[PDB]
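# structure for the following, please:
(chains A, B, C, D, E and F, ligands or ions: 10)
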Amino acid sequence: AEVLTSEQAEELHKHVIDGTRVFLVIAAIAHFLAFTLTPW
Amino acid sequence: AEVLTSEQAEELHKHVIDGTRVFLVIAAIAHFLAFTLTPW
Amino acid sequence: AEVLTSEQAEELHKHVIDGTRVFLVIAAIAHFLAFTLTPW
Amino acid sequence: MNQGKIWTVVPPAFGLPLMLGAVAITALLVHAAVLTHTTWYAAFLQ
Amino acid sequence: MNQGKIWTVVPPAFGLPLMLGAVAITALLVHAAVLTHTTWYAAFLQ
Amino acid sequence: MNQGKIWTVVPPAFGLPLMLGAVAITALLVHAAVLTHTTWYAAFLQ
Ligand code: BCL
Ligand code: BCL
Ligand code: BCL
Ligand code: BCL
Ligand code: BCL
Ligand code: BCL
Ligand code: BCL
Ligand SMILES: CC(C)=C/C=C/C(C)=C/C=C/C(C)=C/C=C/C(=C/C=C/C=C(C)/C=C/C=C(C)/C=C/C=C(\C)CCCC(C)(C)O[C@@H]1O[C@H](CO)[C@@H](O)[C@H](O)[C@H]1O)CO
Ligand SMILES: CC(C)=C/C=C/C(C)=C/C=C/C(C)=C/C=C/C(=C/C=C/C=C(C)/C=C/C=C(C)/C=C/C=C(\C)CCCC(C)(C)O[C@@H]1O[C@H](CO)[C@@H](O)[C@H](O)[C@H]1O)CO
Ligand SMILES: CC(C)=C/C=C/C(C)=C/C=C/C(C)=C/C=C/C(=C/C=C/C=C(C)/C=C/C=C(C)/C=C/C=C(\C)CCCC(C)(C)O[C@@H]1O[C@H](CO)[C@@H](O)[C@H](O)[C@H]1O)CO
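Numbers count the residues shown, from 1 in each chain, chains lettered A, B, ... in the order given. Ligands and ions are numbered 1, 2, ... in the order given. Take a look:
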């Protein structure tokens, strides 16, 4: 590919940034389930 | 890509340089939290 | 990229060469801090 | 968040799969670590 | 800081992900080290 | 110092990140070494 317009960039990143939170959230569940059933 | 104009270069680097500090700062917190709860 | 004119070369290298000294200097501090607090 | 303009500098067609890959890699590493410096991970698999 | 003109020499589209990658790599290394030359890191995971 | 004309032969856009990378690599190596042939490095992390 190529770079993006400043507009389509910012609009991609919107998605990159929910991706992440979806991750994070699921992580949290994990880490807690972990934390929970675990010597840690 | 390609190189940049001297103008758009310097303007990128502005961002590279907050990136870094954001890092650094968070590092500091880390290293202190570390330092704190730790034999180090 | 491409190579450089002999003029823009020499002018780049000016920067390469402060980079380095900045490094070196900081190194020196390191090595001394080291030397200092250390069995070495 | 504040950083979306990076795709104006870096071709998401290479850069995204980069990020997503380094995540995948990182998670295997972190597993790998924990697996080899606890007993209780490995215990789990028994 | 003083160094922004480097992108006039080096295509941030390759150079930035380079920097950011070497950071990510470096942090795993430094973890890896500490993990394998203390007890207290690993202790933590137990 | 005397050597700046090298960029007339070698495209700083590949050559600079080369140098800077080999520095970064070298420093990790030298750390790695010292870490694994003293006690006092590792001692430090405890
Ligand atoms: C080690 C301590 C605990 C434990 C505690 C935790 C904690 C705490 C967490 C996890 C997390 C996860 N664990 Mg664990 N977990 C344990 C044991 C296991 C076991 C096992 C059988 O041993 C398995 C299989 C898993 C599995 C998992 C995943 C479901 C999840 C991480 C997802 C990830 O990012 O994948 C990525 C890696 C891959 C190999 C998946 C790749 C699949 C896709 C198709 C490929 C993506 C493509 C990519 C390369 C790029 C493509 C880009 C596009 C083309 C543009 N766990 C032990 C018992 N686990 C993490 C999680 O919840 O994440 C939020 C987390 O925080
Ligand atoms: C070892 C001693 C202590 C401790 C002390 C410290 C100290 C001290 C510090 C950290 C730091 C960090 N530690 Mg630690 N920490 C410990 C144990 C852990 C554990 C664990 C379960 O063992 C985890 C998961 C972490 C996690 C972390 C991170 C949150 C953070 C470093 C971020 C980094 O740069 O990531 C990068 C690496 C990755 C794998 C993340 C990659 C994710 C993204 C999506 C990919 C980036 C993409 C890149 C490749 C290029 C793309 C470019 C664009 C496309 C253009 N720590 C132990 C207990 N920790 C550092 C921090 O605070 O940083 C400021 C720090 O200073
Ligand atoms: C081993 C003996 C002593 C000690 C003695 C010394 C001495 C003596 C020195 C250092 C030096 C350094 N040490 Mg030590 N130090 C010790 C323990 C540590 C610990 C640790 C937690 O164990 C850490 C994190 C450090 C950290 C450091 C660095 C701050 C510094 C080297 C910088 C370097 O070149 O990075 C580069 C490597 C990286 C991973 C950084 C990469 C970051 C950037 C973003 C990436 C650059 C990009 C590159 C790949 C190319 C891009 C080019 C452009 C795109 C064009 N030390 C022990 C206790 N240390 C040296 C220093 O002062 O240097 C002058 C030095 O001389
Ligand atoms: C027995 C359970 C184990 C354990 C087992 C595992 C396993 C297994 C996994 C994790 C996972 C993670 N663990 Mg853990 N984990 C434990 C305890 C910890 C500890 C701790 C010190 O207590 C820490 C700090 C962490 C931290 C983390 C995260 C770094 C990571 C999940 C990412 C996430 O969702 O981010 C969500 C993203 C965010 C919300 C981003 C926010 C960004 C902010 C705003 C910062 C800006 C960026 C900044 C400037 C840095 C620039 C980075 C550049 C690329 C260099 N865990 C214990 C010890 N953990 C998972 C993982 O690493 O996935 C790969 C995983 O698979
Ligand atoms: C600095 C403050 C700015 C910001 C500045 C930057 C900068 C600068 C950068 C990013 C970068 C990123 N940011 Mg941002 N960013 C911000 C806000 C966010 C938010 C948000 C607030 O919701 C999200 C989802 C993201 C998402 C992202 C990722 C897509 C990307 C790399 C993440 C990563 O590696 O972090 C690494 C993770 C951390 C250092 C924190 C570790 C995760 C947290 C701390 C703990 C996870 C909890 C875990 C589940 C449980 C742990 C339990 C144990 C007790 C510890 N950013 C704010 C507005 N952001 C990077 C980028 O785009 O490069 C490609 C980058 O360089
Ligand atoms: C138990 C706790 C452990 C430990 C666990 C960890 C872990 C875990 C991590 C760190 C991290 C870091 N640690 Mg530590 N750390 C410890 C103690 C130390 C010691 C010490 C000797 O006491 C040192 C020197 C450091 C140093 C560092 C940093 C190099 C690094 C965070 C980068 C940062 O935010 O920069 C912010 C950036 C700056 C502000 C840049 C300033 C630039 C200046 C002006 C210099 C110009 C550049 C110069 C010329 C060099 C050119 C470089 C070229 C590329 C070659 N820590 C103890 C022993 N530390 C993190 C890390 O390395 O991330 C990858 C990380 O994940
Ligand atoms: C406990 C402390 C440890 C130790 C821990 C570390 C750690 C940790 C690090 C160093 C670092 C360095 N150490 Mg030490 N170091 C110790 C003791 C020494 C000893 C010694 C024999 O006593 C030596 C010779 C060195 C030498 C060096 C440097 C090579 C390097 C810093 C580079 C620098 O700033 O250059 C500045 C640059 C110059 C001014 C250049 C001058 C150029 C001249 C004019 C020559 C022309 C070039 C020539 C023709 C060669 C061509 C090269 C081609 C590419 C092949 N240290 C002790 C044993 N040291 C750092 C390092 O290597 O960084 C990667 C680093 O991270
Ligand atoms: C050894 C040891 C102990 C190690 C431990 C140490 C360390 C350091 C551990 C580290 C832990 C860390 C930091 C972990 C990291 C966690 C992080 C995890 C991140 C996760 C991110 C995820 C899952 C991201 C998901 C994102 C996704 C799926 C993206 C989706 C986006 C799309 C589908 C885009 C949609 C297209 C759109 C609508 C925008 O539209 C399109 O735009 C284009 C231009 O913009 C146009 O050309 C095109 O015509 C148009 O169609 C954050 O980064
Ligand atoms: C084994 C062992 C013991 C090892 C230990 C040893 C060693 C050596 C350890 C080493 C430790 C060290 C040195 C660690 C390093 C720490 C450092 C960490 C650095 C972190 C940096 C980070 C997180 C950087 C973040 C930067 C980011 C996210 C950048 C953002 C930038 C953007 C989004 C750009 C925005 C685009 C902009 C607005 C400029 O605009 C655009 O400009 C272009 C041209 O310029 C135009 O063409 C385009 O049309 C336009 O849209 C520093 O480097
Ligand atoms: C196992 C074991 C024991 C191992 C131990 C053994 C060994 C061998 C150990 C070795 C140790 C050694 C030798 C270590 C090495 C140390 C050294 C370290 C070096 C460090 C160097 C550094 C940090 C360099 C930094 C340089 C930087 C940041 C460069 C900056 C330059 C710029 C920003 C350029 C500015 C652009 C400029 C103004 C010139 O302008 C531009 O010019 C172009 C052409 O020229 C034009 O096309 C463009 O339009 C215009 O904008 C030296 O090399």
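# neighbours around residue 11, how many?
I went with chain A, as the question did not name one. Residue A:11 has 13 neighbouring residues, counting by other C-beta atoms under 10 Å in any protein chain shown. (Each C-beta comes from the backbone N, C-alpha and C, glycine too.)
# my question was about chain D
Per other C-beta under 10 Å, the neighbour tally for residue D:11 reads 17.
# list the contacts for it?
A:1-3, B:1, E:13 (C-beta atoms under 8 Å, 6 or more residues apart in numbering or on different chains).
# isn't residue D:34 right next to residue D:41, touching?
Yes: between residue D:34 and residue D:41 there is a contact at 5.5 Å, judged by C-beta atoms under 8 Å.
# close to ligand 1, is stretch A:12-20?
No: residues of stretch A:12-20 contacting ligand 1 under C-beta under 6 Å from any ligand atom: none, with a closest distance of 10.2 Å.
# ok, now how distant is whichever residue of chain D sits closest to chain E from residue A:5?
At 4.0 Å from chain E, residue D:37 is the closest residue in chain D, using C-beta to the nearest C-beta. Going from residue D:37 to residue A:5 by C-beta to C-beta, to the nearest Å gives 47 Å.
# out of those two, which sits in the more crowded spot?
Using other C-beta under 10 Å as the criterion, residue D:37 and residue A:5 rank with residue D:37 on top: 17 against 10.
# which SS state does the residue in chain A that chain F sits nearest to fall under?
Nearest residue of chain A to chain F (C-beta to the nearest C-beta) works out as residue A:3 at 17.0 Å. Each residue gets one of three states, and residue A:3 gets coil by DSSP: H, G, I helix; E, B strand; the rest coil.
# for it, grab the count of nearby residues.
Using other C-beta under 10 Å, residue A:3 has 20 neighbouring residues.
# and what of residue A:38?
14.
# any idea how far it is from residue F:8?
To residue F:8, residue A:38 is 61 Å away according to C-beta to C-beta.
# got a list of contacts for the helix ranked longest in chain D?
Longest helix in chain D, counting residues (DSSP state H): helix D:12-36. With contact meaning C-beta under 8 Å, 6+ apart, helix D:12-36 is reached by A:1-2, A:4, A:12, A:16, A:23, D:6-7, D:41-42, E:17, E:21, E:24, E:28, E:31-32, E:35, E:45.
# the residues you listed also near ligand 8: which ones?
When contact is defined as C-beta under 6 Å from any ligand atom, these meet ligand 8 at A:4, A:12, A:16, A:23, E:28, E:31-32, E:35.
# quick one: which of those is nearest to residue A:32?
Using C-beta to C-beta, residue A:23 comes nearest to residue A:32 of these, at 14.8 Å.
# tell me the SS of that closest one?
At residue A:23 the chain is in helix, as set by three-state DSSP.
# and residue A:29, what does it touch?
Contacts for residue A:29 (C-beta under 8 Å, 6+ apart) come out as none.
# what's the spacing between it and ligand 7?
As judged by C-beta to the nearest ligand atom, to the nearest Å, residue A:29 and ligand 7 stand 41 Å apart.
# assign that residue to helix, strand or coil.
helix.
# with the one 3 residues further on instead?
Recorded secondary structure, residue A:32: helix (three-state DSSP).
# ok, it - how many residues close by?
As a burial measure, residue A:32 scores 10 neighbours (other C-beta under 10 Å).
# quick revisit: out of the contacts of residue D:11, which end up buried?
Those of the contacts of residue D:11 that meet the buried threshold are A:3, B:1, E:13, by 16 or more other C-beta atoms under 10 Å in any protein chain shown.
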